[PDB]
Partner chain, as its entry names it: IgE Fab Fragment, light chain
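The chain below stands alone and is given as structure tokens, in the form solved without the partner chain.
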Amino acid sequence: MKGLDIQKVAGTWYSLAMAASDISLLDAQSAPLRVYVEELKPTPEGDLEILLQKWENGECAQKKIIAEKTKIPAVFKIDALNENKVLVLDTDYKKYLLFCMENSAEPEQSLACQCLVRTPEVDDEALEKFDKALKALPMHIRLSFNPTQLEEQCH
């Protein structure tokens, strides 16, 4: 996607759907890449704070990741445990956001994608765009959640 206005993706988001290239990365509620985005907050430094949930050590834990802008407008660099690049595939700011995360050292084995939406409702158009994008990427696991799970901690 050509260009991102960070100010315009601020606020609450819900992880409506996920997909990954390796099954074991989303294989469990405690799988390494099973993360639920909650809020995107621009920082005074111009970076993007990501508030998300992850099942860790037997509890739903909050994690804070900083996405720094790069020379490519849709690509960010995150200091995270298992991923280091986030690519925003598509967004309308107002309804949905499609992104992918990967570890640049192992791009194929680490690729995961998510469909984020602004409200805890099944956005069929967002899921259609997400599936169309996934058609061209080597995904072997796909997960989708219902609004009740979307309103629960760690779904």
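In this text, the rigid core denotes the largest set of C-alpha atoms whose superposition between the two forms falls within 1.5 Å. Residue numbers count along the first chain shown, from 1.
The form deposited with the partner chain bound is left out here; the points below concern that form.
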Can you check whether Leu51 is within 4.5 Å of the partner chain in the deposited bound form, heavy atom basis?
yes
Does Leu87 reach the partner chain in the deposited bound form if we count a contact as any heavy atom within 4.5 Å?
no
4.5 Å heavy atom contact, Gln62 and the partner chain in the deposited bound form:
yes
In the deposited bound form, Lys129 touching the partner chain (heavy atom, 4.5 Å)
no
Taking only heavy atoms into account, state which residues of 133-155 are within 4.5 Å of the partner chain in the deposited bound form, ordered by sequence.
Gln153
For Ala74, state whether the C-alpha moves by 2 Å or more between this form and the one not shown after rigid core superposition.
no
